[PDB]
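**Student:** Sequence first, structure after, both from an experimental entry:
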Amino acid sequence: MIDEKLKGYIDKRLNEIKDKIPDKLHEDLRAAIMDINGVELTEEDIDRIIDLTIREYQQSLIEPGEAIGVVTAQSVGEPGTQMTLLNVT
Amino acid sequence: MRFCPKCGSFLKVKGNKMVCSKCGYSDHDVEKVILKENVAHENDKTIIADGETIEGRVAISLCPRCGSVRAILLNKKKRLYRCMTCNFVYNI
Ligand SMILES: [Zn+2]
Ligand SMILES: [Zn+2]
């Protein structure tokens, strides 16, 4: 059970990162933090969760110059050799 | 089936007579020849695929993978099925 003070702190701390990640990720983070029960939650915990989420998103970005066409072709065609079978095709 | 006693060709029914076209023979006996073909509709009814068992665990259910309508009800509470054609396990 999160009291109104901590909920207000969460809402204030979540509104300054709206431009730092995609909207769906922000919604998922907000929905996930509100479901924490059985643990006494702290402001430092919220800070760490938000910072780790932003850092984790930033660390996953693709790099310029990547030969993504060859990688996509190899990722699609490689499992094609592992396929071992109205009676649709 | 009848044949002409002289020419040997087959006789066809014309009116009350059977006439040989090659020799003109005729007779008072008439024999009817028909060709009958049978069509079977054992498996042509309309299928209704509700996951209800018929005998044992054999149910009628459409497989999402191959599309066969034969399934085995593996578990009733989860509605868990298994295709009998490709062994695919699914939920309906
Ligand atoms: Zn004849
Ligand atoms: Zn199947």
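**Tutor:** Happy to help now that I have it. Numbering: from 1, shown residues only, chains lettered A, B, ... in the order given. Ligands and ions are numbered 1, 2, ... in the order given.
**Student:** for chain A, which residue is closest to the average position?
**Tutor:** For chain A, residue A:25 is the residue whose C-alpha lies nearest the centre (C-alpha atoms, centre = their mean; 5.1 Å).
**Student:** Are there helices or strands packed against the one helix or strand that one maps to, and which ones?
**Tutor:** Assigned by DSSP states H and E, residue A:25 falls within helix A:23-33. Helices and strands touching helix A:23-33, as assessed by 3 or more C-beta pairs under 8 Å, 6 or more residues apart in numbering or on different chains; DSSP states H and E, comprise helix A:4-14, helix A:43-58. C-beta: built from backbone N, CA, C; applies to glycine.
**Student:** Chain B contacts on chain A?
**Tutor:** Within reach of chain B by C-beta under 8 Å from any C-beta of the partner chain, chain A has these residues: A:85-88.
**Student:** From chain A, how far off is residue B:27?
**Tutor:** Shown here: residue B:27 relative to chain A, a distance of 57 Å by C-beta to the nearest C-beta, to the nearest Å.
**Student:** wait, what's in contact with that residue?
**Tutor:** B:2, B:11, B:17-18 (C-beta atoms under 8 Å, 6 or more residues apart in numbering or on different chains).
**Student:** does the residue nearest to residue B:6 when sequence neighbours are not counted sit in a helix, a strand or a coil?
**Tutor:** Setting aside the residues directly before and after it, residue B:6 is nearest to residue B:23 in space (C-beta to C-beta, 6 or more residues apart in numbering or on different chains), at 5.7 Å. Recorded secondary structure, residue B:23: coil (DSSP: H, G, I helix; E, B strand; the rest coil).
**Student:** residues near residue B:23, how many?
**Tutor:** 13 (other C-beta atoms under 10 Å in any protein chain shown).
**Student:** quick revisit: and the residue nearest to the centre of chain A, what does it touch?
**Tutor:** A:53, A:57 are the contacts of residue A:25 under C-beta under 8 Å, 6+ apart.
**Student:** change it to 10 Å
**Tutor:** Taking C-beta atoms under 10 Å, 6 or more residues apart in numbering or on different chains, we find residue A:25 in contact with A:53-54, A:56-57.
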